[PDB]
Amino acid sequence: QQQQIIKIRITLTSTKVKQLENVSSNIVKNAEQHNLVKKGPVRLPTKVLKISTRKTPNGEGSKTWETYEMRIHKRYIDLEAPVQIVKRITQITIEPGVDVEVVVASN
Amino acid sequence: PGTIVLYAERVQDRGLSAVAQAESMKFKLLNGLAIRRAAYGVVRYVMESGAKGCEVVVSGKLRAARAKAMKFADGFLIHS
Amino acid sequence: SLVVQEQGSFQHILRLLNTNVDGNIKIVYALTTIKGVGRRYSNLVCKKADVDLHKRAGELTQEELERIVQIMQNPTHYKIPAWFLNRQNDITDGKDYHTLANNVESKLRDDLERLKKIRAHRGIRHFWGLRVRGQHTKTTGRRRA
Amino acid sequence: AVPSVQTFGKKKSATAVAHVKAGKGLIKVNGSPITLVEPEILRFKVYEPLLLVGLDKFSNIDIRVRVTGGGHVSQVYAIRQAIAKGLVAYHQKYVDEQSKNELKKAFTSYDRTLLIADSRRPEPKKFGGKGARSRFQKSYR
Amino acid sequence: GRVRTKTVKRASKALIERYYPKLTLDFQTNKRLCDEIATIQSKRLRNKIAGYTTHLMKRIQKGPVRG
Amino acid sequence: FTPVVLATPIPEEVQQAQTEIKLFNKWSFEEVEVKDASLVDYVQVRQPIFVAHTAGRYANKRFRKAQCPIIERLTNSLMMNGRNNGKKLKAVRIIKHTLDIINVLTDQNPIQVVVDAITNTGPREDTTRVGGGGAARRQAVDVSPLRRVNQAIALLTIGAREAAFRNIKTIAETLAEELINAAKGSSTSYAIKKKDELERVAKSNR
Amino acid sequence: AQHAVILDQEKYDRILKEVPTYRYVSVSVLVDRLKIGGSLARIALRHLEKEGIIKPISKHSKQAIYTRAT
Amino acid sequence: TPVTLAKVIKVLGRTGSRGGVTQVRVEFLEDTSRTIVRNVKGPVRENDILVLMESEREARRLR
Amino acid sequence: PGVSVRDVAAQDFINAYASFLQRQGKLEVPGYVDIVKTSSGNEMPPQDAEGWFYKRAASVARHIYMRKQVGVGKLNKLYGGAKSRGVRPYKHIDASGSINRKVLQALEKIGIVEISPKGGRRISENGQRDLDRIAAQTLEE
RNA sequence: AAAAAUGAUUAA
RNA sequence: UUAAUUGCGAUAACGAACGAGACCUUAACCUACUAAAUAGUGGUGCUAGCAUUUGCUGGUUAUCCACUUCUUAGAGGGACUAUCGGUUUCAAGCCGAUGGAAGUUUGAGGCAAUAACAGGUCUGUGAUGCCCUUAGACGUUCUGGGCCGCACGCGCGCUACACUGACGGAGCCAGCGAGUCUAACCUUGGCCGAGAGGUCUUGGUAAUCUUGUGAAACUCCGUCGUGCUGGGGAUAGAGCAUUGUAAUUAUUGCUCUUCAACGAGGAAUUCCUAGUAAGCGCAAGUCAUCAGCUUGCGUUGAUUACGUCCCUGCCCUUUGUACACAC
Ligand SMILES: [Mg+2]
Ligand SMILES: [Mg+2]
Ligand SMILES: [Mg+2]
Ligand SMILES: [Mg+2]
Ligand SMILES: [Mg+2]
Ligand SMILES: [Mg+2]
Ligand SMILES: [Mg+2]
């Protein structure tokens, strides 16, 4: 509270690569702009969600299967900053379809 | 209360919205205007709006018990 | 690697539990010819009978054959854990038995007759000759059942 | 620091990373000596880079190999490819490269997979069959 | 087969028409020049266009070509 | 000669393999020299392999399998009849054992015995089905060297497999005796008598 | 067919007589030439190698390869 | 058995109903001017040696 | 001169340690031996009725030495195998949990393994010592 | 130049 | 000539469009970039455990430094048949070799035109016209039963007929996933039990834990010994548990016992050209319980052929037709 570091961590998850990468780049830019030393955006392996279904609504015809996929892209950045700036960064740099989580790491 | 908020904003270039065109044609059909007239009016509106191409398919029973499909097109239309 | 040399004392086809137990076959797999004793039961009976497991059923002597028979008759009195047995907690008297050569078929007849006499579904299925464990009868078991 | 290089060898899905630094002739796989690589019918497949170039120039060098993924055969091939690529890599970095060229010629004149990972890859299964090409049995009438 | 379709053929021919002096016998610099003497939505198509352009150049060098 | 001291103790019997390439570190490809002409450039005994198991691509071209070593081609032909599909380790071990047995029965190079069997078992004349009528006939044709070596390998492995089926004798031993008999020609070996039947039928339909 | 699984004196003198001069010594050849079962063949083969009158070439399970001594 | 050897110098084409036979033009090794056309079962390249039981026929199914 | 149990072959090392344990009398057989079939996947009891427990103990001690810590469930999965299910296809079935637990406790009483505050059983002081001794004599047999 | 027959009514 | 109405071209056509291609996803290459206790390696720097003139390991970013080869994912590069040699209406192209990670459109898919079929679905739909029914209902619930019923015929399959094997010990290796706090999901570890399972706890809303899913085939050492045998495990009897209100018509799992056909299968017939066939298991879907099914995944990994129009068919052109419900 008295201008001390909180050991913060931010997680970015989205189905949109471009929007998510824009958010991550913006947060990085505000990081070294306010002169922050940090662990850069670590990219988790992309999660592919699959559902395989018979195309036919009935059960007639050649048995043709069809696989739909969602792609979940996640990144995390470990930051250390005072309250007046962690709030400032959190209230900006948000896009639709990109979910942001902020946690206080104590390890 | 207050964590859900709901705005409404105008659709620009509404002639390029397939959902809006399909709804408008549907209501024209409910009002009873001719199927060929309504389809071609939709196609002309879409093309006048600046679309590269338009395509309207009307399937079902038309004036007869046996069902058929009428097809209206203008401009260019890719498929694959 | 003991190349033991034997005289004409090899016991050929012999009789245990009213059955013909032939030589030239290890004692464990030779006792399996007796009804009601399989590979696991025979191996347990043999190791509790303290007999070597490479005796071809022919160089077994009289007293150890008798000991094997006695252990087969009375598994419980030689520390066999009673979940290893053929008949545990029977309908008649509730003590753990083990049916042997001539009595497996007799007891099977008796229990099937019990089911028939009480007119239970599995018993009447046995009487009709159909399958009793809920198998489908549309396509399988046709030629003989 | 000690002069070292790190390389890898890749079969279908097995990868073997090899550390190659100056030593006394120490060749180990998963902390165990190269002489104990299993299966022993294919243990010579791992021996091949030794037996071709020669153990003479393995005196100054030692290799430590860690291999994961794949199966037994695939791991063996990953180990042999990683050993050869580590040898050529250390000779490139800390030795004159005419010797590297004899190593390259010796390995490639015998088998292409001493330096180059096999490009064969699994073909995904398609519906309507147990495999990538094979289909379910068809019936008429 | 490796028959090049009309899009590659016509784009290469147009490049020959417009930038014959600038273009060179080798694929590497022809491909690099294509980045700015043309706008292609895909690197694969750009490589195909440059490959046919340099093929036509290597044929033009040893005698003319019709069309 | 002159073993070199090493931090990892590497045995002398594999130190000696550093001299020249030896199949299973016991037999050499030197002095083989397939004698029946018309089969050279097709029976690969030139490039020496330490073991009959490599993951070589010999199926993406037409004639590329001619460069695969003939020992490995026989080993590949051992993996057959479904239950043995794959299991190239078992096939290689069988080949090693059968070569040991071959050298035991004959003080002679097992690779030479194998190539002699293949040469003596390659069918030189076969027939092809022709004629569209109800009773199709057979027309006699010649055989290419590649098909000759392919059919020789197939016949040898099939005869070994069938003689191994349902008997005490081991697949390695029956492959050994089949190769021994075919390396000389005795009409008691499966591949030799099958080739004789094919050639006699080709004569009949000449 | 039958094979003797017990070794009596006659079958032992015969095996000690004619196992030498065998070009190839293994379980299969022992069973085929002498009416001995596979297990008896295996133990007899081990006894013979123990006493050193046959020398092995390759020692492998399910495939034992032996030849004449010296 | 007077088995002869011939060297293929030209591949002519593919014959047979199923196309399983190949027509080749082969000279002889002892005499390099005794060329005959033959029908072969398996795959054939150029410069291959065939062993012929019989050495006088002419292969049919031309053109 | 220095060596651990990584420079000796697994099978003959396990035979050596099992024979050692057998000769010595510190390791205790549980008593339900002579009855159990050591896996639901199996169908016959071990063919070595007098030494299978000692062999399993040597195998477990070596496996624990190789790893950081290993527990009963992992031993069960390791020693379990495919089970024939009649006219149904095979599937992996775990080994005897009671047997793995008793053999681990017996190794604890003899002192080869210990509590392992990560949660399993790891290699101990005298266990590492005498296991290395057995490796040493197995090399200089 | 082997053999190869048949296919109910109405229903644009 | 091309896989291609792909092009070279010819030309009463010219100039266009859709489809093909292009495109997108995925799979391979990158010691190039950007970096990472949610991935690793080294320095063992830190203590260290075990053997010893140095090796294997433990706890290793809140004990610590580095550094991205391997792992991950962003931006990119890379192949365009490059070069060379041949052949061609020498044009489109094609065939060899050399380089290269990659030269059948590099592999595999996704997407995919016009016209149509009385093709299937009214039992997916609060999509639906018409007809019927609507209070003793064809509406809706509840109990029980059936859908599984067996003289029989057929189609997908599973397990086998054994020694290239079964059994026992030991060795000991993947990849794709999924997972609970609106309630009991994946479960480590300890203890008990032959087993199946039970109990006490822990971690995991997950590159963090289950999990290195230590899978199976496989490998090595032993028992067997050509005998329907220790191959095969159908049928059946007894008991012990789990899911569920509910297990009988046996849910499934486990233990003992019984131990049938089957010794390679007539006519006939299916699938497939390289990491492919085949063997082998694993995860997911359905799921309280139930895989012999499917969708994917990896492990082991052949033989044969790079062809033809003989059979079965497909495309274009020409030709005949008494066919157009179209042989
Ligand atoms: Mg296992
Ligand atoms: Mg009801
Ligand atoms: Mg049904
Ligand atoms: Mg993994
Ligand atoms: Mg059910
Ligand atoms: Mg399931
Ligand atoms: Mg189903």
Side-chain angles (χ1 to χ4, degrees), chain A residues 21 39-40 42-45 52 57-58 60-61 65, chain B residues 76 79-80, chain C residues 29 36 38 40-41 83-89 108 111 121 133-134 136-138, chain D residues 6-8 13 15 17 31 38-39 69-72 75 119-125 127 132-135 137-139, chain E residues 1-3 5 7 27 45 47-48 50-51, chain F residues 59-60 62 76-77 79 82 84-86 88-90 94 132-134 166-168 171, chain G residues 37-39 61, chain H residues 14 17-19, chain I residues 1-4 6 10-11 14 32 35-36 40 44 46-48 52 55 59 71 73 77-78 82 86-89 92 98 119-120 128-129 132:
Chain A
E21 292 292 325
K39 314 271 267 188
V42 177
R43 314 181 177 75
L44 281 297
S52 293
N58 50 352
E60 183 270 337
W65 288 86
Chain B
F76 309 98
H79 291 76
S80 54
Chain C
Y29 304 88
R40 285 269 287 159
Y41 199 71
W83 52 261
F84 205 90
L85 302 188
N86 189 359
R87 272 197 86 85
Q88 319 160 17
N89 190 5
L108 183 45
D111 58 52
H121 180 251
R133 310 203 169 180
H136 300 177
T137 56
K138 191 173 177 71
Chain D
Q6 48 190 358
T7 54
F8 71 100
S13 81
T15 302
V17 181
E38 61 81 25
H72 308 141
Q75 277 179 340
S119 280
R120 292 187 284 185
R121 303 301 304 163
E123 183 178 0
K125 191 179 91 69
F127 59 92
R133 305 302 178 82
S134 85
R135 309 282 88 195
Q137 177 150 292
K138 191 175 207 168
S139 70
Chain E
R2 284 148 194 288
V3 176
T5 63
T7 304
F27 170 81
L45 190 75
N47 299 339
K48 288 198 197 293
Chain F
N60 44 2
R62 189 175 180 206
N76 284 335
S77 296
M79 328 175 273
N84 308 318
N85 278 338
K88 188 176 180 180
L89 302 179
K90 193 170 294 264
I94 290 168
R166 274 177 63 92
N167 75 332
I168 187 72
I171 176 62
Chain G
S39 70
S61 180
Chain H
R14 201 71 82 108
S17 66
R18 295 95 169 170
Chain I
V3 64
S4 68
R6 278 195 206 264
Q11 186 161 4
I14 297 161
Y32 62 87
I35 299 169
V36 293
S40 190
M44 293 302 291
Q47 294 181 355
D48 180 352
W52 72 264
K55 192 75 62 69
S59 161
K77 185 171 184 173
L78 171 73
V87 285
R88 277 103 56 88
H92 161 77
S98 74
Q128 203 168 1
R129 276 195 290 271
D132 189 358

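Chain letters run A, B, ... following the sequence lines, proteins first and then strands; every chain starts at 1.
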Whether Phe27(E) stacks on the six-membered ring of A82(K) base, 5.5 Å and 30° limits |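 A stacking contact does not exist, since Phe27(E) is not both close and nearly parallel to the base ring of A82(K).
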Can you check whether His121(C) stacks with the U249(K) base, using ring centres under 5.5 Å and planes within 30°?
->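 So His121(C) counts as stacking on the base.
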Taking the side chain as every heavy atom from C-beta outward, state whether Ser98(I) and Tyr32(I) have any atom pair closer than 4.5 Å.
->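 Yes, their side chains come closer than 4.5 Å.
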Would [N] and [M] count as a Watson-Crick or G-U wobble pair, both distances under 3.5 angstrom?
N: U44(K); M: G298(K); answer: no
N: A241(K); M: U252(K); answer: yes
N: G74(K); M: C33(K); answer: yes

Presence of donor-acceptor pair under 3.5 Å, side chain of [X] and base of [N]:
X: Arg88(I); N: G292(K); result: no
X: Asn85(F); N: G279(K); result: no
X: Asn86(C); N: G237(K); result: yes
X: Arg133(C); N: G237(K); result: yes
X: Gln47(I); N: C167(K); result: yes

Syn or anti conformation of [N], syn meaning chi within 90° of 0:
N: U249(K); value: anti
N: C192(K); value: anti
N: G175(K); value: anti

How would you label the contact of [X] with the nucleic acid (heavy atoms, under 4.0 Å): base, sugar-phosphate, or nothing?
X: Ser98(I); value: base
X: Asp48(I); value: nothing
X: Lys125(D); value: base
X: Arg62(F); value: base
X: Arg40(C); value: sugar-phosphate
X: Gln75(D); value: sugar-phosphate
X: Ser59(I); value: sugar-phosphate

Nucleotide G275(K) sugar, north or south by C1'-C2'-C3'-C4' =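 Pucker flag: south.
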Want to settle it: does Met44(I) or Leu85(C) sit nearer the 5' end of RNA chain K, counting the closest nucleotide to each?
->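 Final value for this comparison: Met44(I).
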Relative to the 5' end of RNA chain K, which residue comes earlier, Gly1(E) or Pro46(I), by the nucleotide with the nearest heavy atom?
->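 Nearest nucleotide further toward 5': that of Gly1(E).
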Could you work out which one of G93(K), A51(K), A274(K) sits closest to the side chain of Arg129(I)?
->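 Ranking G93(K), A51(K), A274(K) by closest atom to the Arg129(I) side chain puts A51(K) first.
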Minimum-distance nucleotide to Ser139(D) side chain [options: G155(K), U276(K), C256(K)] |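 Shortest atom-to-atom distance from the side chain points to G155(K).
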Closest non-hydrogen atom pair, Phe84(C) against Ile35(I) |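 So the two residues come closest at CE1-O, 4.2 Å.
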